[PDB]
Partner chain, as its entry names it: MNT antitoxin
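Have a look below at one chain only, the form deposited without its partner chain, in structure tokens format.
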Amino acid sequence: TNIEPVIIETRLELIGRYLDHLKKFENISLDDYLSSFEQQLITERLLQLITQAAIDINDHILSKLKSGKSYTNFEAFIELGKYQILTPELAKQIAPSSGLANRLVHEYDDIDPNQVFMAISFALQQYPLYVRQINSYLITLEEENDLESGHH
């Protein structure tokens, strides 16, 4: 209806490409990761852009569904889970990771690579589910719109 699918689809595509490259680190050992600033830089940027892309999708959706309402990045995930856009279970699991987009940008003097190593596996598990659920939401909206007004 009011949401613009191209803004969302573009970001879902980028998240897919970011995840494809992040998956190359799925089996890296702790020792190898902690020894390589270069691999930390790659994964930190990928995690930052995945989470920021998801934040931008969420803000756009809520700007059309809950116009004039303000949400923190954490609250935005939970609200999508309340309205069946994400499952409440995924929303609650993935909402903490929303702080990564901020800490990797502004708390660069305080990045513990042991913690980022864990965030890699959490993102590879959670954000493919996020992409599929947002994508399913788009399909449902389009179907409901087609049913309401005939084929588009």
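Residue numbers count along the first chain shown, from 1.
One more form of this protein exists, namely the form deposited with its partner chain bound; it is left out here, but the text below deals with it.
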Mark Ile61 yes when one of its heavy atoms lies within 4.5 Å of a heavy atom of its partner chain in the deposited bound form, and no otherwise. no
Heavy atom of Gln115 within 4.5 Å of its partner chain in the deposited bound form: yes
Though only this chain appears here, would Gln93 touch its partner chain in the deposited bound form if you measure heavy atom gaps against 4.5 Å? yes
How about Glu143 - does it come within 4.5 Å of its partner chain in the deposited bound form, if we only consider non-hydrogen atoms? no
